[PDB]
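Student: Here it is, the structure, as structure tokens.
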Amino acid sequence: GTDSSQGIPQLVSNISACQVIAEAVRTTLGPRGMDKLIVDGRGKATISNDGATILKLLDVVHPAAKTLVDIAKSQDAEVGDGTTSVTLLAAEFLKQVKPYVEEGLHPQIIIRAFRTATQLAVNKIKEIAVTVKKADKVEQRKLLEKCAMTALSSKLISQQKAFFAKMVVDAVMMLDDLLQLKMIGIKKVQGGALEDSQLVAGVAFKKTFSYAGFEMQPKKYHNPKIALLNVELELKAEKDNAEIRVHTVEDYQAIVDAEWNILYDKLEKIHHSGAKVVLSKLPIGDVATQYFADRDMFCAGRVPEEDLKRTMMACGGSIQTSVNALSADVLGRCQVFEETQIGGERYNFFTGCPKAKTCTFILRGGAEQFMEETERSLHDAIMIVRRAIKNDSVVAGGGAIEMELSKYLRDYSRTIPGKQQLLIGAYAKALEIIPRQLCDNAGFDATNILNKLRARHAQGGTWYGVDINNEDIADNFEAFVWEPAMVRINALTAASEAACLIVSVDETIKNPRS
Amino acid sequence: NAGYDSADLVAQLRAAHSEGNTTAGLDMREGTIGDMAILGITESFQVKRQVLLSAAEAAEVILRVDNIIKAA
Amino acid sequence: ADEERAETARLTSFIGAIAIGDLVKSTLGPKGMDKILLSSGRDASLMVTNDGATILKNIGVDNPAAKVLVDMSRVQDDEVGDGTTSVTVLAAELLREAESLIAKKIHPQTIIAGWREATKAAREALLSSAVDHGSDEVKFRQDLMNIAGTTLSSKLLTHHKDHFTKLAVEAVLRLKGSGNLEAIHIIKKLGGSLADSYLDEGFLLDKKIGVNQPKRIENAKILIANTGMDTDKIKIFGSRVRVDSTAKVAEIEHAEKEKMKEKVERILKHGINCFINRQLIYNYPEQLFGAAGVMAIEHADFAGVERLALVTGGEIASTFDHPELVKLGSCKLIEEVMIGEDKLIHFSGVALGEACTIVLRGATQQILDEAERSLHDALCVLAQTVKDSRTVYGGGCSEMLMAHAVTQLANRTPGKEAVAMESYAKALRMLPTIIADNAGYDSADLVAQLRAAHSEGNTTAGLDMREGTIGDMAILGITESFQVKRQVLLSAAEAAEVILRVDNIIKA
Amino acid sequence: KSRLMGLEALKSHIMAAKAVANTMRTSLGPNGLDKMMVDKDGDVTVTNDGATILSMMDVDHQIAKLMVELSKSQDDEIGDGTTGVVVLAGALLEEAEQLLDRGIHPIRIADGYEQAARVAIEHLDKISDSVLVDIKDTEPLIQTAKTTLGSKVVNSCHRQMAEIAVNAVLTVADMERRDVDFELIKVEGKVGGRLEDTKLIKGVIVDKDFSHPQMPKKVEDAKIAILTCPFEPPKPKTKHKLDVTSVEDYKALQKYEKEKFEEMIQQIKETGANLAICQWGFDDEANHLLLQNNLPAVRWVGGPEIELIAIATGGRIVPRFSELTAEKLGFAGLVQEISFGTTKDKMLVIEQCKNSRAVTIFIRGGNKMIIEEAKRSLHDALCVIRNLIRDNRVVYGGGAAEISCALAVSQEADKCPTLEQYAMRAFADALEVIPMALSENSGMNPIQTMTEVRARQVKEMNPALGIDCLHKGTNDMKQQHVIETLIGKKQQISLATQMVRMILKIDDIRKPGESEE
């Protein structure tokens with residue numbers, strides 16, 4: 001058969017289910033905002049911040065649950081920050097229309113009230129937005145330091161932010177025209193320059209195999225030929241396993257040697273095809289490791305795959321799963337090879353790359369859990385500054401505009417309505433919930449905090465928001481809390497859209513009968 | 001009554017009178033061992049000789065009454 | 001997935017001990033009753049068990065705290081003897097006492113220390129009563145006769161106890177400086193009398209002389225080797241393959257008779273009729289060895305050459321590759337004696353030293369099995385008399401000697417630990433409680449009366465519960481080694497304190 | 001779908017944390033009562049270490065599932081102190097309910113718990129001066145490993161173990177910028193002889209093979225032939241076919257292979273390294289023939305055993321019989337043979353003065369059960385010394401520094417007077433739970449125990465005079481010699497406030513029926 005139910009009791013079932021699913025992604029996003037923990041399937045426990053990460057991970061038990069995924073996916077694909085905020089605001093629309101539709105007051109002018117209030121919002125955001133790359137420097141890289149140092153002062157650190165911000169700025173300027181996370185990735189040790197990080201403009205390798213000989217091999221070059229392999233190298237090559245044989249005397253010493261001639265012949269296939277440094281994802285054999293010491297070549301197995309993806313983009317090479325190469329544009333090469341054991345862990349540093357687009361931070365904190373937050377402290381400054389470059393049209397962050405836009409659109413609720421003040425008022429009601437939640441995930445009384453802001457919004461200024469590191473009212477422009485304008489404009493057009501989807505649809509039809 | 005480790009203070013006081021430290025028992029205001037033969041806590045001879053007499057007496061009388069009959 | 005809280009894990013530790021301590025406390029002491037093992041989990045059988053190892057191992061404990069008790073009582077029985085029985089009760093007797101401390105809410109660490117220093121207090125009082133009776137030779141003769149009367153007791157024997165007594169006492173006194181634990185051998189076989197146990201002048205191998213072989217070999221020159229055969233002898237570089245159908249199964253079973261003839265050609269070149277081998281033969285090889293003139297003596301072992309090594313003066317050796325690597329044997333007369341129901345060959349000659357061979361006679365396997373461990377307990381303990389001629393009053397008379405002095409040290413020395421030191425000494429006096437009902441005497445009139453009595457004078461006066469009365473422990477001969485009583489204390493004290501430190505059982 | 005909001009979240013956060021903190025507080029110190037474990041295979045296991053048991057216990061809650069990785073960070077870095085981070089962080093946690101029952105918001109205390117962790121770490125810089133010279137500070141570590149050994153695995157302190165263990169670390173620290181790597185050292189334990197037997201091996205050990213005592217049992221010059229190539233016929237666990245034409249052909253074959261035995265000698269011996277070791281094994285027939293032919297050979301060598309001798313020597317391995325050089329041979333400092341155990345056989349000890357890439361303390365046992373319990377005491381003693389060799393920062397912990405920072409953080413709730421004062425109060429009273437717990441599992445009254453050294457803080461600040469747990473009645477830390485590393489205690493501050501921070505990280509407590517299912 002086929003499952004189907006029509007109308008308001010299905011529609012009330014529609015509006016109520018989506019709000020409960022939104023209860024996680026409502027209450028997230030920041031240093032005083034939130035950071036995840038779920039258990040799915042086998043018991044695989046993961047930790048996130050983006051809901052759109054875990055909305056792909058969590059199940060969908062409603063069509064309303066299916067509605068939230070792509071809308072969160074749309075926010076995560078562009079920015080990567082504020083992925084949950086679109087899924088916040090959509091169900092927050094449904095809460096104040098819920099007493100209306102349960103009275104029976106259900107227009108389909110509800111959905112055009114979303115779009116009309118959207119156009120008044122997204123125009124007001126754009127006309128109040130200021131291009132900062134053009135107006136507020138000609139070089140705009142010291143400008144990006146004050147935004148990144150603010151992004152470092154938010155999560156964990158308050159003294160390392162001056163030492164780290166220029167390393168963030170000099171890394172992003174290389175990564176411009178790109179937005180990769182495996183090309184800004186941060187590596188972690190304790191035992192190097194402690195509470196100091198470094199920026200390399202090339203390709204660094206975290207997990208490289210040693211303890212089978214690294215001082216018996218030349219650990220540095222000045223023209224490396226990088227074999228980006230994925231083939232397991234054995235301790236010894238094999239013979240057959242059917243009618244394989246030992247004791248008598250004639251064919252005896254040969255078959256023990258014949259296990260060994262086949263291995264180094266395949267290792268020579270790497271050598272004369274062009275290789276001085278060889279990397280493999282699968283483990284390189286320990287007796288095979290010393291054969292690279294025989295040809296005086298560096299080698300390391302047990303390599304993560306994401307490390308090999310850095311090399312193919314900066315050298316112009318490629319990864320391989322073969323034993324013989326045919327070109328140096330599939331192979332990797334640089335102009336300086338250098339192995340450096342920072343923190344007791346073997347790093348392969350690729351400097352002098354032909355492109356050098358990949359940037360990598362070798363992070364040393366004061367501890368391990370300290371360095372976990374320190375990496376995500378640095379990661380916030382990478383996310384916001386790449387976003388600040390791609391859109392110069394930048395407003396303040398922290399929902400500072402929304403509280404102004406809350407009062408701005410209730411003035412239209414004073415102005416326009418035939419019945420529309422119920423809708424635009426509910427539209428403006430849901431806008432202040434985001435800095436309310438940003439006070440509420442910070443734990444403190446938004447009713448004290450938000451209400452003080454609207455008084456200074458009443459005189460003039462929209463950049464008045466919350467400095468969440470102290471939880472006080474603050475002009476987030478002059479408190480350096482920013483985010484570009486189109487981010488909210490992309491957020492508003494997607495939050496109203498799924499809200500338009502819920503109001504238009506009162507029925508869910510399941511044709512294979514669940 | 002003083003609200004202390006009774007198992008400690010008895011076994012401490014048991015260690016006292018074992019060799020014969022009899023001139024000192026526990027001053028219960030701190031529960032610590034203190035002076036006797038007048039302290040404020042050194043009690044009357046006439047009291048305990050009556051208390052030892054009656055408590056040993058009636059408890060054996062309770063052991064005598066096993067044939068209890070209730071007719072009320 | 002189960003983390004069990006301390007309040008049940010402590011309770012499991014006590015009910016794990018009580019449910020096993022009552023099993024053997026019938027069999028402890030002079031044992032007025034026994035333990036009857038009932039077989040229904042494996043087969044339909046019935047076992048009369050005074051052996052605690054039969055009680056502990058054949059009834060696998062399912063209390064994990066009781067698993068510690070079975071294991072530490074096992075090693076005590078292995079080295080010293082009579083260790084599964086004594087250690088397990090005394091540990092179980094302590095843990096009944098420790099519940100009252102937890103009922104009074106005593107710190108468990110106090111209970112750990114409280115039994116520990118009192119164990120040190122007991123062994124010194126046990127050492128004060130330790131007195132030599134193996135001083136002179138007539139004393140050392142009558143020392144071991146009374147102790148072997150005690151150690152062979154508390155088990156089921158018909159008439160065996162007195163003859164296993166006077167045999168082993170002769171074995172210990174002949175060495176004069178060590179016990180015989182090196183090359184004496186306990187041979188158990190089917191006999192017709194329930195009383196006989198005699199020492200061998202020489203040593204014996206299992207060889208029933210059959211088909212045409214002679215009964216007595218004289219002027220022996222023994223070729224000692226490890227190479228042998230059972231039914232199989234393939235060629236050195238050749239083979240025979242006879243399978244292509246279902247009629248070849250009968251012909252491949254008929255080829256095993258012709259395999260037996262090739263090994264006989266090897267011994268025939270030697271000309272040595274005294275060839276021993278570790279492997280056995282049947283009626284089918286035996287017609288072939290004796291027909292060549294070289295006799296195959298099977299069921300050999302390392303124990304026979306080792307017994308020949310000490311008295312005669314040779315060495316024990318093995319790995320027969322060339323005959324100069326195995327030390328050969330020499331004997332005067334090889335005669336076949338008939339012991340019990342069984343015919344065995346016997347290499348008779350020089351004897352009576354560091355090495356003997358003890359042969360046992362009994363038609364019942366159950367009587368032979370209990371007589372092994374009962375003799376196995378004493379030979380170590382009679383060797384402990386060579387180590388320490390200090391004997392101590394068996395039957396619980398030495399038990400009250402320790403409970404007398406620990407109780408005094410439980411009063412004076414501690415300041416909080418007296419409640420934990422007394423639970424030691426009260427559990428010491430629980431040992432005469434489990435035996436007074438076995439003889440029928442009132443346990444309450446036993447445990448306090450004689451403890452003050454022999455300690456204040458005549459320590460020899462002790463528990464004669466073969467009468468249900470008080471008797472003298474050196475006049476009635478009821479005394480054992482100081483060493484056996486010393487070792488069973490420490491195993492009983494530790495295992496209780498080990499599972500007392502257990503305050504989190506977790507079952508994954 | 002059931003959502004356990006706020007307090008209803010925290011009640012789930014209480015019960016697992018209440019369970020795991022109570023099982024640790026019965027296990028602090030040498031008076032710590034042991035932890036029993038029945039495995040998932042139904043196997044009795046008795047330790048006293050939390051990082052063992054938290055790895056062994058099947059965790060069934062978000063609090064409990066956290067504690068595997070939380071105690072992973074402590075034991076890999078510091079070692080001992082697995083119990084104290086659980087007792088402390090749960091004691092903040094149960095107090096945080098009382099604050100939430102007082103109406104104090106769970107966020108403002110989680111904000112203040114981090115700042116309360118700052119002023120405690122600030123206090124440890126003042127506590128217990130950090131200068132201990134290299135020859136002297138071995139002796140308190142000789143005293144510290146005396147405490148770990150002399151009360152837990154062996155009642156009376158193997159003296160040879162605690163003094164070798166401080167010597168293995170200086171073998172690697174000097175080559176490694178005053179720091180030790182835990183893969184350059186290894187706690188190697190093999191029973192078979194005596195439990196008193198304990199050795200330090202600068203390289204690795206292999207059991208030395210001799211087939212007959214009539215054949216010469218040799219040991220010679222400090223150079224090892226780390227070989228995989230055949231010096232003696234090898235065995236890769238299979239079978240050919242055997243065929244000879246005549247018996248006299250086999251009579252000549254023994255004379256033929258004897259020249260082939262000498263050829264394997266004259267190739268290796270002219271390169272050096274007279275101790276030949278080949279990976280694949282052989283019987284004892286041609287083994288004692290090579291012993292008669294005057295070079296010893298070790299047979300039936302384990303697979304990775306040829307690698308660990310290679311890095312210990314620093315040299316390579318000879319892959320093939322035709323490729324022959326000395327750089328593929330071992331570079332050893334001393335090759336001498338010492339008997340394995342006391343009764344069974346002999347080893348070949350290959351020491352190096354060149355490369356400390358595998359410095360293995362080698363202990364023996366007369367019991368299989370005691371040695372991993374002995375090694376677990378040795379695992380944590382070799383981790384605390386890593387803290388000292390970098391910086392000589394020490395702490396007098398066990399009841400002195402616990403009451404000392406509990407004075408300070410409670411003072412810092414008054415010096416820094418704002419909202420986090422109850423968070424600092426929840427930090428300060430939880431610090432008192434620890435020396436209570438050293439006396440709680442002890443036979444002493446812990447209520448009396450917190451009183452005494454509190455009066456000593458009125459007497460003296462920065463105490464080297466805290467409680468005892470040996471019941472000697474001498475409450476010190478410098479004459480009771482209960483001293484630990486300052487880095488280790490400071491790490492315990494970071495880890496305990498990490499967990500309370502970790503359970504505060506999202507506001508999501510809703511499930512689809514599956515968030516712990």
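Note on naming: chains are A, B, ... as they come in the structure tokens, residues start from 1 per chain, ligands start from 1 in the order shown.
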Which chain D residues are at most 12 Å from chain B (counting only C-alpha atoms), as an MDAnalysis selection string?
Tutor: chainID D and resid 443:448
Student: Write out as JSON, numbers by chain the residues lying within 8 Å of stretch 405-408 of chain C, counting only C-alpha atoms and excluding same-chain residues fewer than 2 positions away.
Tutor: {"C": [118, 121, 122, 125, 401, 402, 403, 410, 411, 412, 421, 422, 425]}
Student: Sorted by chain and rising residue number, which residues of chain D lie within 6 Å of chain A, and what are their closest atom pairs and distances in Å to one decimal, counting only C-alpha atoms, as a Markdown table?
Tutor:
| residue | atom | partner | partner_atom | distance |
| --- | --- | --- | --- | --- |
| D:107 | CA | A:443 | CA | 5.4 |
| D:238 | CA | A:245 | CA | 5.0 |
| D:239 | CA | A:245 | CA | 4.2 |
| D:240 | CA | A:245 | CA | 4.3 |
| D:242 | CA | A:248 | CA | 5.4 |
| D:505 | CA | A:35 | CA | 5.0 |
| D:506 | CA | A:34 | CA | 4.5 |
| D:507 | CA | A:27 | CA | 5.9 |
| D:508 | CA | A:24 | CA | 4.9 |
| D:515 | CA | A:39 | CA | 5.1 |
| D:516 | CA | A:39 | CA | 5.7 |
Student: Can you tell me which residues surround residue A:95 at a distance of at most 12 Å, considering only C-alpha atoms, apart from same-chain residues fewer than 6 positions away, and format the answer as a list in words?
Tutor: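 Contacts, with the query itself left out: residues 12, 14, 15, 16, 17, 18, 19, 20, 22, 88, 89, 101, 102, 423, 426, 427, 429, 430, 433 and 499 of chain A.
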Student: Identify which of the residues B:37, B:24, B:13, B:65 lies closest to chain C, counting only C-alpha atoms when measuring atom-to-atom distances.
Tutor: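 The answer is B:13, which sits nearest to chain C.
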Student: Near chain D, meaning an atom within 8 Å, which residues of chain C appear when counting only C-alpha atoms? Write them as a ChimeraX atom specification.
Tutor: /C:1-3,64,107-110,501-508
Student: Write out, as a PDB file, in the first residue's frame, the residues just selected, with C-alpha atoms.
Tutor:
ATOM      1  CA  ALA C   1      29.691  -4.879  30.870  1.00  0.00           C
ATOM      2  CA  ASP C   2      29.158  -5.559  34.577  1.00  0.00           C
ATOM      3  CA  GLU C   3      30.875  -3.461  37.249  1.00  0.00           C
ATOM      4  CA  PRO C  64      35.806 -15.701  41.599  1.00  0.00           C
ATOM      5  CA  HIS C 107      38.262   0.143  57.844  1.00  0.00           C
ATOM      6  CA  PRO C 108      39.246  -2.777  55.599  1.00  0.00           C
ATOM      7  CA  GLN C 109      42.895  -1.717  55.719  1.00  0.00           C
ATOM      8  CA  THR C 110      42.776  -2.226  59.495  1.00  0.00           C
ATOM      9  CA  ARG C 501      41.598  -5.845  49.338  1.00  0.00           C
ATOM     10  CA  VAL C 502      39.167  -6.668  46.528  1.00  0.00           C
ATOM     11  CA  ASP C 503      36.607  -3.855  46.744  1.00  0.00           C
ATOM     12  CA  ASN C 504      35.715  -3.806  43.076  1.00  0.00           C
ATOM     13  CA  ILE C 505      34.853  -6.980  41.167  1.00  0.00           C
ATOM     14  CA  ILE C 506      34.222  -6.117  37.524  1.00  0.00           C
ATOM     15  CA  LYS C 507      32.893  -8.731  35.103  1.00  0.00           C
ATOM     16  CA  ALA C 508      33.524  -7.809  31.480  1.00  0.00           C
TER      17      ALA C 508
END
Student: Quick check for you: according to DSSP on this backbone, which residues of chain B are classed as helix (DSSP H, G or I)? Reply as a CSV table (one decimal) with C-alpha atoms, in the first residue's frame.
Tutor:
chain,number,residue,atom,x,y,z
B,6,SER,CA,34.2,4.1,69.4
B,7,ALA,CA,36.3,1.2,67.9
B,8,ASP,CA,39.4,3.4,68.1
B,9,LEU,CA,38.8,4.9,71.6
B,10,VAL,CA,37.9,1.6,73.2
B,11,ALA,CA,40.9,-0.3,71.7
B,12,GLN,CA,43.0,2.7,72.7
B,13,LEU,CA,41.6,2.4,76.3
B,14,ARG,CA,41.8,-1.4,76.1
B,15,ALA,CA,45.5,-0.9,75.5
B,16,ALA,CA,45.7,1.3,78.6
B,17,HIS,CA,44.3,-1.0,81.2
B,18,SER,CA,46.0,-4.0,79.6
B,19,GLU,CA,49.3,-3.2,81.3
B,45,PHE,CA,31.5,4.8,93.7
B,46,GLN,CA,28.0,4.5,95.1
B,47,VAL,CA,26.4,4.8,91.6
B,48,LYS,CA,28.2,2.1,89.6
B,49,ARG,CA,28.0,-0.5,92.4
B,50,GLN,CA,24.2,-0.2,92.2
B,51,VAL,CA,24.1,0.0,88.4
B,52,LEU,CA,26.3,-3.1,88.1
B,53,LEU,CA,24.0,-4.9,90.6
B,54,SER,CA,20.7,-4.3,88.8
B,55,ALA,CA,21.7,-4.5,85.2
B,56,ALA,CA,23.3,-7.9,85.6
B,57,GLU,CA,20.3,-9.0,87.7
B,58,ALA,CA,17.3,-8.2,85.6
B,59,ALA,CA,18.9,-9.3,82.3
B,60,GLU,CA,19.3,-12.8,83.8
B,61,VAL,CA,15.6,-12.5,84.9
B,62,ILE,CA,14.7,-11.8,81.3
B,63,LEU,CA,16.6,-15.0,80.5
B,64,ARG,CA,14.5,-16.7,83.1
Student: Determine, counting only C-alpha atoms, which protein, DNA and RNA residues have an atom within 10 Å of an atom of stretch 439-450 of chain C; residues of the same chain fewer than 6 positions away are not included. Present the result as a ChimeraX atom specification.
Tutor: /C:29-33,396-397,399-401,403-404,426,428-433,456,459,461-470
Student: Using only C-alpha atoms, which residue out of B:72, B:28, B:41, B:21 lies closest to chain C?
Tutor: B:21
Student: Which residues come within 12 Å of residue A:332, counting only C-alpha atoms, excluding same-chain residues fewer than 6 positions away, as a PyMOL selection string?
Tutor: chain A and resi 203+223-229+274-279+308-320+325+350+353-355
Student: Quick check, in Å to one decimal: how far apart do atom CA of residue C:72 and atom CA of residue C:492 lie?
Tutor: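 Value for the atom CA of residue C:72-atom CA of residue C:492 distance: 8.3 Å.
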Student: At a cut-off of 9 Å, using only C-alpha atoms, what residues contact stretch 183-189 of chain A? Leave out same-chain residues fewer than 3 positions from it and give the result as a PyMOL selection string.
Tutor: chain A and resi 171-172+175+178-180+192+194+203-206+309-310+342-345+357-365+368+371-372+375+378-379+382
Student: Could you take the residues named above and write them with N, CA, C and O atoms, as a short mmCIF file (atom, residue, chain, number, x, y, z; two decimals), in the first residue's frame?
Tutor:
data_model
loop_
_atom_site.label_atom_id
_atom_site.label_comp_id
_atom_site.auth_asym_id
_atom_site.auth_seq_id
_atom_site.Cartn_x
_atom_site.Cartn_y
_atom_site.Cartn_z
N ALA A 171 49.55 32.35 5.46
CA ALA A 171 49.12 31.07 4.92
C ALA A 171 47.91 31.23 4.02
O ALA A 171 47.80 30.55 2.99
N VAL A 172 46.99 32.12 4.39
CA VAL A 172 45.74 32.29 3.64
C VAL A 172 46.01 32.96 2.30
O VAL A 172 45.39 32.62 1.28
N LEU A 175 46.76 30.45 0.00
CA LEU A 175 45.62 29.58 -0.29
C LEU A 175 44.49 30.32 -1.00
O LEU A 175 43.40 29.76 -1.16
N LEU A 178 41.59 29.09 -3.32
CA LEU A 178 41.32 27.77 -2.77
C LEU A 178 40.65 27.88 -1.41
O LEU A 178 40.72 28.92 -0.74
N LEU A 179 39.97 26.80 -1.02
CA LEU A 179 39.33 26.71 0.29
C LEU A 179 39.54 25.35 0.93
O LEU A 179 38.69 24.92 1.72
N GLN A 180 40.64 24.66 0.62
CA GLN A 180 40.82 23.30 1.10
C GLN A 180 41.19 23.27 2.58
O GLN A 180 41.85 24.18 3.10
N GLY A 192 58.77 20.33 20.63
CA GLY A 192 59.46 21.28 19.78
C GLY A 192 59.58 22.62 20.46
O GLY A 192 59.84 22.72 21.66
N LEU A 194 57.88 24.88 22.25
CA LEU A 194 56.63 24.75 22.99
C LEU A 194 55.91 26.08 23.11
O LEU A 194 56.55 27.13 23.29
N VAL A 203 54.87 21.12 1.90
CA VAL A 203 54.18 19.90 2.29
C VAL A 203 54.93 19.23 3.43
O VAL A 203 56.10 18.88 3.31
N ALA A 204 54.23 19.07 4.55
CA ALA A 204 54.77 18.41 5.73
C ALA A 204 54.07 17.08 5.94
O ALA A 204 52.90 16.91 5.59
N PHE A 205 54.80 16.13 6.51
CA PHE A 205 54.31 14.77 6.71
C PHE A 205 54.31 14.43 8.19
O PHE A 205 55.35 14.50 8.85
N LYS A 206 53.14 14.05 8.71
CA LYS A 206 53.03 13.77 10.14
C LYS A 206 53.57 12.39 10.47
O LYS A 206 54.56 12.26 11.20
N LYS A 309 47.99 13.63 -0.55
CA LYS A 309 47.17 14.55 -1.33
C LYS A 309 47.73 15.96 -1.30
O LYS A 309 47.44 16.76 -2.21
N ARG A 310 48.51 16.30 -0.28
CA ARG A 310 49.18 17.60 -0.24
C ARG A 310 50.26 17.68 -1.30
O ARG A 310 50.47 18.74 -1.91
N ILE A 342 60.70 17.06 15.10
CA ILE A 342 60.19 18.05 16.03
C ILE A 342 59.23 17.35 16.98
O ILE A 342 58.27 16.72 16.54
N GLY A 343 59.50 17.45 18.28
CA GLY A 343 58.69 16.78 19.27
C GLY A 343 58.86 15.28 19.33
O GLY A 343 57.99 14.59 19.86
N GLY A 344 59.97 14.75 18.80
CA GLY A 344 60.18 13.32 18.77
C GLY A 344 59.42 12.58 17.69
O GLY A 344 59.39 11.35 17.71
N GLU A 345 58.82 13.30 16.75
CA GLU A 345 58.08 12.68 15.66
C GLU A 345 58.68 13.12 14.34
O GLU A 345 59.02 14.29 14.16
N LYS A 357 51.63 25.59 -2.82
CA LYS A 357 50.32 26.11 -2.48
C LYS A 357 49.87 25.62 -1.11
O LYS A 357 49.13 26.32 -0.40
N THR A 358 50.30 24.42 -0.72
CA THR A 358 49.90 23.85 0.56
C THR A 358 50.61 24.55 1.71
O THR A 358 51.82 24.78 1.65
N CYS A 359 49.86 24.91 2.74
CA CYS A 359 50.43 25.44 3.97
C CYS A 359 50.10 24.50 5.11
O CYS A 359 49.01 23.93 5.17
N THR A 360 51.06 24.31 6.02
CA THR A 360 50.90 23.36 7.11
C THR A 360 51.49 23.96 8.38
O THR A 360 52.58 24.53 8.34
N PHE A 361 50.76 23.87 9.48
CA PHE A 361 51.22 24.36 10.77
C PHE A 361 51.66 23.19 11.64
O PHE A 361 50.93 22.21 11.80
N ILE A 362 52.87 23.29 12.18
CA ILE A 362 53.39 22.30 13.12
C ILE A 362 53.20 22.88 14.51
O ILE A 362 54.00 23.71 14.97
N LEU A 363 52.14 22.46 15.19
CA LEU A 363 51.68 23.11 16.41
C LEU A 363 52.31 22.46 17.63
O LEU A 363 52.31 21.23 17.75
N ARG A 364 52.85 23.29 18.51
CA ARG A 364 53.27 22.89 19.84
C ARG A 364 52.50 23.75 20.83
O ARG A 364 52.56 24.98 20.74
N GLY A 365 51.76 23.12 21.73
CA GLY A 365 51.10 23.86 22.78
C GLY A 365 51.83 23.73 24.10
O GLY A 365 53.07 23.67 24.13
N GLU A 368 48.61 18.28 25.43
CA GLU A 368 47.88 17.66 24.33
C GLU A 368 46.45 18.16 24.20
O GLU A 368 46.04 18.53 23.10
N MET A 371 46.53 21.64 23.17
CA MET A 371 46.85 21.78 21.75
C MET A 371 45.66 21.40 20.87
O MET A 371 45.57 21.84 19.72
N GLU A 372 44.72 20.60 21.41
CA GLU A 372 43.49 20.30 20.68
C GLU A 372 42.63 21.54 20.50
O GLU A 372 42.13 21.81 19.41
N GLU A 375 44.52 24.06 18.18
CA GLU A 375 44.34 23.81 16.75
C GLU A 375 43.00 24.35 16.27
O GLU A 375 42.92 24.96 15.19
N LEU A 378 43.22 28.04 16.04
CA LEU A 378 43.82 28.44 14.77
C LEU A 378 42.86 28.20 13.61
O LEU A 378 42.83 28.98 12.66
N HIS A 379 42.07 27.12 13.70
CA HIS A 379 41.18 26.76 12.60
C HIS A 379 40.07 27.78 12.42
O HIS A 379 39.60 28.00 11.30
N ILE A 382 41.43 30.53 10.39
CA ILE A 382 41.57 30.17 8.98
C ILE A 382 40.23 30.28 8.27
O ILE A 382 40.15 30.76 7.13
#
Student: Could you tell me how far atom CA of residue A:121 sits from atom CA of residue A:465, in Å to one decimal place?
Tutor: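 Going from atom CA of residue A:465 over to atom CA of residue A:121, I get 17.6 Å.
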Student: How would you write, as JSON, numbers by chain, the set of residues in stretch 270-503 of chain C that DSSP gives as strand (DSSP E or B)?
Tutor: {"C": [274, 275, 276, 295, 296, 297, 329, 330, 331, 332, 333, 334, 335, 336, 337, 338, 339, 342, 343, 344, 345, 346, 347, 348, 355, 358, 359, 360, 361, 390, 391, 392, 461, 462, 463, 464, 469, 470, 471, 472, 480, 481]}
